[PDB]
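Engineer: how would this look folded up:
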Amino acid sequence: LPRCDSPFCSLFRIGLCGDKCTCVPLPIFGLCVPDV
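Structural biologist: Numbers count the residues shown, from 1 in each chain. Okay, here it is:
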């Protein structure tokens, strides 16, 4: 599959990275993981 929706996101700002992948808990703007 193609790259995730967004490059990074915040622990609270999960909605941002919820189009193709899931937001990470890492408050350091971790890298979203591709949910297959």
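
Engineer: which ones are touching residue 3?
Structural biologist: Under the criterion of Cβ atoms under 8 Å, 6 or more residues apart in numbering, the neighbours of residue 3 are residue 20. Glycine gets a C-beta too; all of them are placed from N, C-alpha and C.

Engineer: quick one, phi psi at it?
Structural biologist: phi -50, psi 160 (degrees, to the nearest 10).

Engineer: same deal with residue 17?
Structural biologist: Residue 17 has phi and psi values of phi -100, psi 60 when expressed as degrees, to the nearest 10.

Engineer: Quick check: end-to-end length of stretch 6-16?
Structural biologist: 7 Å (Cα to Cα, to the nearest Å).

Engineer: Run through who's touching it.
Structural biologist: Here stretch 6-16 makes contact (Cβ under 8 Å, 6+ apart) with 5, 17, 19, 22-27, 29-32.

Engineer: Let me have these in JSON lines, extended by distance to residue 11.
Structural biologist: Formatted as JSON lines, the contacts of stretch 6-16 follow (distance: Cβ to Cβ, whole Å):
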{"residue": "5", "distance to residue 11": "17"}
{"residue": "17", "distance to residue 11": "11"}
{"residue": "19", "distance to residue 11": "18"}
{"residue": "22", "distance to residue 11": "12"}
{"residue": "23", "distance to residue 11": "7"}
{"residue": "24", "distance to residue 11": "8"}
{"residue": "25", "distance to residue 11": "6"}
{"residue": "26", "distance to residue 11": "7"}
{"residue": "27", "distance to residue 11": "5"}
{"residue": "29", "distance to residue 11": "9"}
{"residue": "30", "distance to residue 11": "9"}
{"residue": "31", "distance to residue 11": "13"}
{"residue": "32", "distance to residue 11": "12"}
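
Engineer: Can you select the buried ones from the residues you listed in PyMOL?
Structural biologist: PyMOL command restricting the contacts of stretch 6-16 to the buried ones, with burial defined by 16 or more other Cβ atoms under 10 Å:
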select buried, resi 17+23+24+29+32
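
Engineer: Can you name the two of the contacts of stretch 6-16 that sit furthest apart?
Structural biologist: 19 and 27 (20.8 Å; Cβ to Cβ).

Engineer: Wait, residue 33 touches residue 17, no?
Structural biologist: No. The criterion here is Cβ atoms under 8 Å, and residue 33 misses it with residue 17 at 9.6 Å.
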